[PDB]
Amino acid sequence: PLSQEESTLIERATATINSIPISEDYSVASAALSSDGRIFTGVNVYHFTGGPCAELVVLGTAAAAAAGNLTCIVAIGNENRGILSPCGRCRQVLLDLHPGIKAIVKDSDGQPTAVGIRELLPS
């Protein structure tokens, strides 16, 4: 079971993706919590040259607000796809820029769980 704040991240990212026109280019929303309690959101920008995932848009949005360290992040796909784990590129960026962060993923029983980013890039 997630913390109350972590649950609100899922709610916020879900509301964000549900709110925008269905799009092939803008198909995932993300929300992150800063250590001060603020929440930052974002949607991906698909492009073959590596347009940012929603998580990276969130990182730049948090940075624009001088948010500092982020503690948890989640991504939610459109059309009711629900929680999506961060992709490998986002794992690398998250580890490198916010090594203390957790990402919300679905556990082996399909239940949301916040996992330390290092555990998502094991040896």
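Counting begins at 1, following the sequence as shown.
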Exercise. Please work out which of 107 to 115 and 12 to 20 has the higher mean CA B-factor as recorded in the PDB entry.
Key: 107 to 115
Quiz prompt | Mean temperature factor over C-alpha atoms, higher-scoring stretch between 67 to 75 and 25 to 33 | solution = 67 to 75
Quiz item: Against its chain's modelled residues, does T61's Cα B factor rank lowest, middle or highest third?
Solution: middle
Quiz item: Among the modelled residues of its chain, does the C-alpha B-factor of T41 lie in the lowest, middle or highest third?
Solution: middle
